[PDB]
Amino acid sequence: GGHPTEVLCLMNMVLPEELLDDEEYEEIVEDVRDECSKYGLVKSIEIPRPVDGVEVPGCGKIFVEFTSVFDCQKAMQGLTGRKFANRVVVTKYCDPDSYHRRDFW
C-alpha cells in the first residue's frame, strides 16, 4: 500500500460466518498472539465481527498491531504464507489511524 507502520493487515483467517462463537474468538486472539511474538511483540489484534448476520465494511480481514514498525517488517515477510487457521495467510501493511477506530473497508 503506502508507507509501513507497526500494523499488519492479513486476510483468509476467518470466514464471514464463523466470528459468532464467543468461546472461540478469544482463543483465536491468543493463538495468533503466541505465533506472531516470534518476530517481535504483537501489541494487539483486531477482528471486526458481523452484526447478527449482517455484513460490515472491512469484515473478513484481521489486522495485527506491533510495538515497533521494525519488528512488524520482519513478521510481515517472515509469515507470508503461514496458516493462521487452516488457509493461507497473505499479508499487507495498513494504517493505524483506521486501526484504533472501526474505519475498516
# chains A, B, ... in the order shown; residues from 1 in each chain; ligands from 1

call {"tool": "closest_atom_pairs", "arguments": {"of": "region 66-88 of chain A", "to": "region 38-53 of chain A", "cutoff": "9 Å", "atoms": "only C-alpha atoms", "output": "JSON lines"}}
result
{"residue": "A:66", "atom": "CA", "partner": "A:42", "partner_atom": "CA", "distance": 4.3}
{"residue": "A:67", "atom": "CA", "partner": "A:43", "partner_atom": "CA", "distance": 5.5}
{"residue": "A:68", "atom": "CA", "partner": "A:40", "partner_atom": "CA", "distance": 7.9}
{"residue": "A:70", "atom": "CA", "partner": "A:40", "partner_atom": "CA", "distance": 8.6}
{"residue": "A:71", "atom": "CA", "partner": "A:40", "partner_atom": "CA", "distance": 5.0}
{"residue": "A:72", "atom": "CA", "partner": "A:40", "partner_atom": "CA", "distance": 7.1}
{"residue": "A:74", "atom": "CA", "partner": "A:39", "partner_atom": "CA", "distance": 6.2}
{"residue": "A:75", "atom": "CA", "partner": "A:39", "partner_atom": "CA", "distance": 5.4}
{"residue": "A:78", "atom": "CA", "partner": "A:39", "partner_atom": "CA", "distance": 8.1}

call {"tool": "residues_around", "arguments": {"residues": "region 95-102 of chain A", "least_positions_apart": "2", "cutoff": "10 Å", "atoms": "only C-alpha atoms", "output": "PyMOL selection string"}}
result
chain A and resi 1-9+45-46+48+57-58+63-65+93+104-105

call {"tool": "write_last_selection", "arguments": {"atoms": "C-alpha atoms", "output": "mmCIF file, in the first residue's frame"}}
result
data_model
loop_
_atom_site.group_PDB
_atom_site.id
_atom_site.type_symbol
_atom_site.label_atom_id
_atom_site.label_comp_id
_atom_site.auth_asym_id
_atom_site.auth_seq_id
_atom_site.Cartn_x
_atom_site.Cartn_y
_atom_site.Cartn_z
ATOM 1 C CA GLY A 1 0.000 0.000 0.000
ATOM 2 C CA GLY A 2 1.663 3.167 1.350
ATOM 3 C CA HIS A 3 4.402 3.502 3.987
ATOM 4 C CA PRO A 4 4.897 0.651 6.515
ATOM 5 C CA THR A 5 3.732 1.102 10.116
ATOM 6 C CA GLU A 6 3.704 -1.317 13.093
ATOM 7 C CA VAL A 7 0.303 -2.749 11.990
ATOM 8 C CA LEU A 8 -0.125 -5.789 9.703
ATOM 9 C CA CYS A 9 -3.229 -6.442 7.529
ATOM 10 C CA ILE A 45 -5.149 -7.959 17.113
ATOM 11 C CA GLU A 46 -8.338 -6.546 15.537
ATOM 12 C CA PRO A 48 -14.444 -6.926 13.455
ATOM 13 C CA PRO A 57 -17.310 -2.909 5.748
ATOM 14 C CA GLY A 58 -13.873 -4.390 6.447
ATOM 15 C CA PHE A 63 -5.368 -6.590 11.418
ATOM 16 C CA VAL A 64 -2.486 -7.131 13.900
ATOM 17 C CA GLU A 65 -0.551 -4.315 15.649
ATOM 18 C CA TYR A 93 0.751 -3.052 5.550
ATOM 19 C CA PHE A 104 -12.184 -0.688 8.122
ATOM 20 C CA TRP A 105 -13.151 -1.271 4.468
#

call {"tool": "select_by_dssp", "arguments": {"residues": "chain A", "states": "strand (DSSP E or B)", "output": "list in words"}}
result
residues 7, 8, 9, 10, 11, 42, 43, 44, 45, 46, 51, 54, 61, 62, 63, 64, 65, 66, 90, 91 and 92 of chain A

call {"tool": "closest_residue", "arguments": {"among": "A:94, A:15, A:35, A:23", "to": "residue 82 (chain A)", "atoms": "only C-alpha atoms"}}
result
A:35

call {"tool": "residues_around", "arguments": {"residues": "residue 87 (chain A)", "least_positions_apart": "5", "cutoff": "10 Å", "atoms": "only C-alpha atoms", "output": "PyMOL selection string"}}
result
chain A and resi 11-14+81-82

call {"tool": "write_last_selection", "arguments": {"atoms": "N, CA, C and O atoms", "output": "mmCIF file, in the first residue's frame"}}
result
data_model
loop_
_atom_site.group_PDB
_atom_site.id
_atom_site.type_symbol
_atom_site.label_atom_id
_atom_site.label_comp_id
_atom_site.auth_asym_id
_atom_site.auth_seq_id
_atom_site.Cartn_x
_atom_site.Cartn_y
_atom_site.Cartn_z
ATOM 1 N N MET A 11 -5.469 -11.489 5.572
ATOM 2 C CA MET A 11 -6.713 -11.997 5.024
ATOM 3 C C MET A 11 -6.659 -13.519 5.046
ATOM 4 O O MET A 11 -5.567 -14.100 5.071
ATOM 5 N N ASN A 12 -7.832 -14.149 4.943
ATOM 6 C CA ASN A 12 -8.040 -15.591 4.789
ATOM 7 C C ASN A 12 -7.800 -16.341 6.112
ATOM 8 O O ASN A 12 -7.476 -17.527 6.108
ATOM 9 N N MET A 13 -7.887 -15.675 7.267
ATOM 10 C CA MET A 13 -8.019 -16.378 8.541
ATOM 11 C C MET A 13 -9.473 -16.842 8.603
ATOM 12 O O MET A 13 -9.807 -17.931 8.139
ATOM 13 N N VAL A 14 -10.331 -15.947 9.071
ATOM 14 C CA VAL A 14 -11.697 -16.181 9.490
ATOM 15 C C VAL A 14 -12.641 -16.190 8.284
ATOM 16 O O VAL A 14 -12.251 -15.820 7.165
ATOM 17 N N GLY A 81 2.437 -16.581 3.906
ATOM 18 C CA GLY A 81 2.219 -17.987 3.584
ATOM 19 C C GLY A 81 2.369 -18.914 4.783
ATOM 20 O O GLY A 81 2.662 -20.103 4.614
ATOM 21 N N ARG A 82 2.177 -18.384 5.995
ATOM 22 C CA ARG A 82 1.760 -19.184 7.140
ATOM 23 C C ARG A 82 0.265 -19.490 7.065
ATOM 24 O O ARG A 82 -0.402 -19.083 6.108
#

call {"tool": "atom_distance", "arguments": {"atom1": "CA of residue 19 (chain A)", "atom2": "CA of residue 69 (chain A)"}}
result
28.3 Å

call {"tool": "closest_residue", "arguments": {"among": "A:92, A:26, A:33, A:103", "to": "residue 80 (chain A)", "atoms": "only C-alpha atoms"}}
result
A:92

call {"tool": "closest_residue", "arguments": {"among": "A:84, A:31, A:73, A:62", "to": "residue 10 (chain A)", "atoms": "only C-alpha atoms"}}
result
A:62
